[PDB]
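The data block below is input25.cif; it holds mmCIF, N, CA and C atoms.
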data_start
loop_
_atom_site.group_PDB
_atom_site.id
_atom_site.type_symbol
_atom_site.label_atom_id
_atom_site.label_comp_id
_atom_site.auth_asym_id
_atom_site.auth_seq_id
_atom_site.Cartn_x
_atom_site.Cartn_y
_atom_site.Cartn_z
ATOM 1 N N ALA A 1 104.893 96.865 96.109
ATOM 2 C CA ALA A 1 105.631 95.626 95.761
ATOM 3 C C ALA A 1 106.038 95.631 94.292
ATOM 4 N N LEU A 2 105.099 95.988 93.427
ATOM 5 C CA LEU A 2 105.350 96.043 91.991
ATOM 6 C C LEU A 2 104.436 97.088 91.367
ATOM 7 N N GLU A 3 104.484 98.283 91.931
ATOM 8 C CA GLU A 3 103.649 99.389 91.481
ATOM 9 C C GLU A 3 104.170 100.001 90.180
ATOM 10 N N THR A 4 104.436 99.152 89.192
ATOM 11 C CA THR A 4 104.917 99.612 87.896
ATOM 12 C C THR A 4 103.791 100.330 87.158
ATOM 13 N N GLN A 5 102.565 99.981 87.529
ATOM 14 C CA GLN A 5 101.368 100.572 86.962
ATOM 15 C C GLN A 5 100.343 100.746 88.070
ATOM 16 N N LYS A 6 99.930 101.993 88.283
ATOM 17 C CA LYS A 6 98.971 102.350 89.329
ATOM 18 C C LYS A 6 99.576 102.129 90.721
ATOM 19 N N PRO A 7 99.949 103.227 91.391
ATOM 20 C CA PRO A 7 100.556 103.182 92.726
ATOM 21 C C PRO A 7 99.617 102.632 93.799
ATOM 22 N N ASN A 8 100.186 101.803 94.676
ATOM 23 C CA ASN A 8 99.467 101.179 95.792
ATOM 24 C C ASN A 8 98.303 100.323 95.302
ATOM 25 N N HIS A 9 98.510 99.661 94.181
ATOM 26 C CA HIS A 9 97.479 98.801 93.614
ATOM 27 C C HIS A 9 97.466 97.447 94.311
ATOM 28 N N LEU A 10 98.591 97.088 94.920
ATOM 29 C CA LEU A 10 98.697 95.814 95.624
ATOM 30 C C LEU A 10 97.725 95.773 96.802
ATOM 31 N N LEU A 11 97.622 96.888 97.512
ATOM 32 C CA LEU A 11 96.741 96.979 98.664
ATOM 33 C C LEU A 11 95.294 97.221 98.253
ATOM 34 N N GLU A 12 95.077 98.060 97.244
ATOM 35 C CA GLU A 12 93.719 98.361 96.816
ATOM 36 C C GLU A 12 93.022 97.139 96.231
ATOM 37 N N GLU A 13 93.750 96.305 95.488
ATOM 38 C CA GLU A 13 93.151 95.099 94.924
ATOM 39 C C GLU A 13 92.636 94.223 96.060
ATOM 40 N N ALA A 14 93.421 94.128 97.129
ATOM 41 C CA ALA A 14 93.022 93.361 98.300
ATOM 42 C C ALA A 14 91.759 93.967 98.902
ATOM 43 N N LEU A 15 91.698 95.298 98.894
ATOM 44 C CA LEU A 15 90.542 96.020 99.408
ATOM 45 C C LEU A 15 89.321 95.723 98.543
ATOM 46 N N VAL A 16 89.509 95.811 97.230
ATOM 47 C CA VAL A 16 88.445 95.540 96.278
ATOM 48 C C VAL A 16 88.018 94.077 96.362
ATOM 49 N N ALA A 17 88.986 93.189 96.590
ATOM 50 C CA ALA A 17 88.724 91.754 96.704
ATOM 51 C C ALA A 17 87.674 91.474 97.773
ATOM 52 N N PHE A 18 87.709 92.270 98.835
ATOM 53 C CA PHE A 18 86.757 92.139 99.925
ATOM 54 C C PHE A 18 85.425 92.760 99.514
ATOM 55 N N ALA A 19 85.506 93.896 98.821
ATOM 56 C CA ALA A 19 84.320 94.600 98.347
ATOM 57 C C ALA A 19 83.509 93.708 97.418
ATOM 58 N N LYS A 20 84.161 93.222 96.363
ATOM 59 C CA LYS A 20 83.533 92.318 95.398
ATOM 60 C C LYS A 20 83.408 90.920 96.010
ATOM 61 N N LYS A 21 82.769 90.869 97.169
ATOM 62 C CA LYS A 21 82.578 89.635 97.909
ATOM 63 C C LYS A 21 81.571 89.868 99.027
ATOM 64 N N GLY A 22 81.779 90.951 99.768
ATOM 65 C CA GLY A 22 80.900 91.283 100.866
ATOM 66 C C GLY A 22 81.500 92.333 101.779
ATOM 67 N N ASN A 23 81.764 93.517 101.233
ATOM 68 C CA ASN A 23 82.354 94.617 102.005
ATOM 69 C C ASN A 23 81.337 95.219 102.976
ATOM 70 N N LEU A 24 80.907 94.411 103.944
ATOM 71 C CA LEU A 24 79.938 94.833 104.956
ATOM 72 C C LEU A 24 78.647 95.334 104.314
ATOM 73 N N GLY A 25 78.206 94.635 103.273
ATOM 74 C CA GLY A 25 76.988 95.016 102.582
ATOM 75 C C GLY A 25 77.156 96.288 101.775
ATOM 76 N N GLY A 26 78.306 96.423 101.133
ATOM 77 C CA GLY A 26 78.580 97.595 100.334
ATOM 78 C C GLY A 26 79.557 97.297 99.223
ATOM 79 N N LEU A 27 79.449 98.053 98.130
ATOM 80 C CA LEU A 27 80.313 97.885 96.957
ATOM 81 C C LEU A 27 80.227 96.468 96.383
ATOM 82 N N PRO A 28 79.019 96.017 95.989
ATOM 83 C CA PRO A 28 78.820 94.685 95.418
ATOM 84 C C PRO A 28 79.247 94.625 93.953
#

Take the structure from the file and write it as structure tokens.
Amino acid sequence: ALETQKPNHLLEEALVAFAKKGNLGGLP
């Protein structure tokens, strides 16, 4: 969407957003 810095960061942030919350008891 706006990968001007770090490619596919739009999707990874969403992935991390879940991790830094409760990624099935992983990546706290």

- prompt: Please, which residues of chain A, numbered as in this document, come out alpha helix (DSSP H) from DSSP, as a list in words?
  reply: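 Those residues are residues 9, 10, 11, 12, 13, 14, 15, 16, 17, 18, 19, 20, 21 and 22 of chain A.
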
Would you place a box with edges along x, y and z of the file around all atoms of segment 7-13 of chain A listed there, add 8 Å to each of its six sides, and report the centre and edge lengths in Å to one decimal, as AutoDock Vina command-line options?
--center_x 96.6 --center_y 98.7 --center_z 95.0 --size_x 23.9 --size_y 25.0 --size_z 23.3

task: Report the distance between atom CA of residue 7 of chain A and atom CA of residue 24 of chain A in Å, rounded to one decimal place.
output: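 Distance between the two atoms: 25.4 Å.
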
- prompt: Suppose you want the space between atom CA of residue 6 of chain A and atom CA of residue 22 of chain A; what is it in Å?
  reply: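 One can read the atom CA of residue 6 of chain A to atom CA of residue 22 of chain A distance as 24.1 Å.
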